[PDB]
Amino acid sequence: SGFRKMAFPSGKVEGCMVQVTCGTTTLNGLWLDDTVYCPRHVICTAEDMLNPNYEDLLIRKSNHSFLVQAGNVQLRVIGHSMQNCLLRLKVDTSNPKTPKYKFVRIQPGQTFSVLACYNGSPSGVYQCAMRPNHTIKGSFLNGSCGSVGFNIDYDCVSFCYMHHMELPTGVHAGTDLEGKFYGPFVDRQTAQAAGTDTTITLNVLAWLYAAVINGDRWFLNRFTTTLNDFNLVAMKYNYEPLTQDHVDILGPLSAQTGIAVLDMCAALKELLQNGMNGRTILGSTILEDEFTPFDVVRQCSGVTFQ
């Protein structure tokens, strides 16, 4: 029993973290096989960030412009190239701790584990949702750039995020491991700001299913809803509209609990209109939206507490 925001075990990723220095600028890199991946802003001074031309900054560097430190060991850079907003450094040594891995671009609403790192040294691990506005509500200080986000399936690490930026509202922006930003953000000084955000409806429904699996039904009701009538209420409360694709994804949790998805939508409508009347769900006073349907099936018993 219980329900916690649970990260994946971080060891497979810890063994891949290194420090990358270019001049007076240091941040973290990800060392897989004979490549080190890091934010291309490592080649900038703080002042270059005002209007950088990365092509023009990079052509002025050699392989020996870059220092890579793996624990106590100096790795020698033997090649370099820019891929979107990442630098790829070729090094003379293959990481012997390289796990089975993939690069994946995650979709808004999906979750991942962040390994916060400073100077190539892992400091902490926590779980993040990718917000609909393509930010994450992380916890990052100066030097955290190049920290990565990931999921693990059967000893395969799926890397999905590299940390580049904190926006003026204190939320975080970054790229996939091809160097493409999540969202409309850029690695230079602009008036860019986190867009309007919405509550991840699919995740709230998954988490209500988690609460029933763990034995709690107080918030259910005798009503049903159509998808359209649910969405009129969703719009009022700044929830993402529910789609038939979302209903289909909730099939397995609906079958484990015997609560039809649109009956669980009617329960959520009543919680949005009436509030929680001083009650908790899975120990929360608010509706939680940072657990996916996958997260719930991963963490909860396969046997409902009926």
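We number the residues from 1 along the sequence you see. Here the rigid core means the biggest group of C-alpha atoms that line up within 1.5 Å when the two forms are laid on top of each other.
- Structural divergence in 9 other deposited structures of this protein between 186-194 and 227-235: following superposition by the core, 186-194 has C-alpha atoms lying farther from the shown form.
- For the pair 32-40 and 45-53, greater average C-alpha departure from the shown form in 9 other deposited structures of this protein after core alignment is found in 45-53.
- The mean Cα B-factor in the deposited entry runs higher for 72-80 than for the other of 195-203 and 72-80.
- Comparing the deposited coordinates for 218-226 and 123-131, the stretch with the larger average C-alpha B-factor is 218-226.
- You'll see in the entry that, of 138, 99, 146, 174, the Cα B factor peaks at 99.
- Per the deposited record, the Cα B-factor of residue 86 falls in the middle third when ranked against the other modelled residues of its chain.
- Annotation for residue 283: CA B-factor lies in the highest third of the chain's modelled residues.
- The entry lists a Cα temperature factor for residue 300 that places it in the middle third of the chain's modelled residues.
- Looking at the C-alpha B-factors along this chain, the one for residue 183 belongs to the lowest third.
- Among the modelled residues of its chain, residue 27 has a C-alpha B-factor that falls in the lowest third according to the deposited record.
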